[PDB]
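Let's start with one chain on its own, the form deposited in one PDB entry, as structure tokens.
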């Protein structure tokens, strides 16, 4: 009935664990009364988690709030964050990120580390995109846990970023990977373009590609077949689920572009939005912007060597 907001401060300790061992249980403990709920990373007044959950005030006070305070709080007391040495070391960066993303709220002093805070209900009325986005975040919370599990048991996060980006490109674009590798290049290129060492960046990034050319091209075609099987049991499952989860959301978005709120609508519009959702997904899995751009770039290079010998 509303979106209710909590803040979990965890300034210096492994947010992956806090998600898996604190918030995942807590969310389960209210699954019947409030199934619609998700969380985002954020930086303001200390690195923290932002928790979003859709219920009435009655359910918040009854079931949601105390599952957070007790389950999550339990995790905090077991595995506390050691803290940040100087939060004001981060002020000039934060001042920038505020301007860049319009944040307006106070920046210093930092919230107390290792702590929970109720924050109230969202703005007042949501936009259509806000609604479609929240739906996406909630729908993909299982996929977050899947991944951080794989990461926790030794697997590589860059590689998971790869499989996902690639899959969303081949399966949800108007012409598949051979056409949407331009949008991937394009996405990395906008970052290389404003970096004074872009030149050396591109050399490093291309050395990397060359050293591993066989790994990435092999992996590229794997993810490509996985995403087009019509035979539910390929060599890779997470790809096939990721596609599966996202197909609904293009439709609801492509539908409400040619019925007309937001911005070819399907072609570069639905697929514009769900590639941007994959990017938001990956942020949530703890990939930096740097590492995401690098992944877009390696996907593109890999796609040259297979779809480009045309």
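Residues that one form lacks are left out of the comparison. Positions refer to the first chain, counted from 1. For clarity, a rigid core is taken as the largest C-alpha set superposing within 1.5 Å between two forms.
Although not depicted, the form solved in complex with a partner chain is the subject of the following passage.
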Does any part of residue 117 reach within 4.5 Å of the partner chain in the deposited complex? Heavy atoms only, please.
no
Report yes if any heavy atom of residue 155 sits within 4.5 Å of a heavy atom of the partner chain in the deposited complex; otherwise report no.
yes
Do residue 235 and the partner chain share at least one heavy atom pair within 4.5 Å in the deposited complex?
no
Do residue 23 and the partner chain come within 4.5 Å of each other in the deposited complex, heavy atoms counted?
no
Among 68-76, 207-215, 117-125, 135-143, which stretch has residues whose heavy atoms lie within 4.5 Å of the partner chain in the deposited complex?
207-215
Would the partner chain in the deposited complex be within 4.5 angstroms of a non-hydrogen atom of every residue among 219, 295 and 298?
yes
With the rigid core superposed, can you list, in sequence order, the 3+ residue stretches whose C-alpha atoms all shift 2 Å or more between this form and the one not shown?
88-107
